[PDB]
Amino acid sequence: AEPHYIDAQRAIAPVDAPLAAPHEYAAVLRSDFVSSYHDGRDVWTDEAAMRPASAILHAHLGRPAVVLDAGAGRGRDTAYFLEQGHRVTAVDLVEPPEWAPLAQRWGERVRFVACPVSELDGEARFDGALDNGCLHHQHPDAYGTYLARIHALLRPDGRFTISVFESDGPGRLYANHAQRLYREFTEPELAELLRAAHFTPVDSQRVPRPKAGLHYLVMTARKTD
């Protein structure tokens, strides 16, 4: 494992020290994201390779439905889902200004919550859920609880689409300069993670990131019976 650029601006380096505890890490996570959005360093928002994941989830729903956007950022995917007729709940640690014009355009069809995914209450509220680059930044000890919340929030026939950084070789854990964690996955590794979280993968796509010279891995799953 060697340091490498993960996006236009950020080089990430393999973690070699003991990780910050999950409680401390939550603050590191919020701090980096709020600074990045404030500064306009959210280079993911306008990356063209980020657009296929939402269309993939819609294809697996096939109808207007109720969709959770977990880690929704500025709302690009939320707008995409609303344009298909979905009702959407968008959740993020950081509330950006762009949620207001979206609320104006879509009214009661969109709901926004500026909270961690883990704070979402309820069960069986959504037909679909999209994680477009959120899970792969969580503390590894929090993957299970994060995915279990998604799993519980989905209805029995729910679909979950997740996009992560694709690894070249066995996936490793890295950190950016602000100490945000980045996990890259192989397809077997991501499938194994989902199966352990009681999801059964039904599709997976390697989405090129041409300007970054990398790929996203976009996997869709149902609940395991």
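Start at 1 and count along the sequence shown; that's the residue number.
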item	value
Stretch with the higher entry mean CA B-factor, where the candidates are 113-121 and 96-104	113-121
Given 67-75 and 141-149, the range whose Cα B-factors average higher in the PDB entry	141-149
Maximum C-alpha temperature factor, selected from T45, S167, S54, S163	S167
Member of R159, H177, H58, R41 with the greatest C-alpha B factor (per the PDB record)	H177
CA B-factor ranking of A8, expressed as a third of its chain	middle
Lowest, middle or highest third - CA B-factor, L190	middle
B-factor third for the C-alpha atom of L217 within its chain	lowest
Modelled-residue ranking by C-alpha temperature factor, third containing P208	lowest
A197 by Cα B-factor - lowest, middle or highest third of the modelled chain	highest
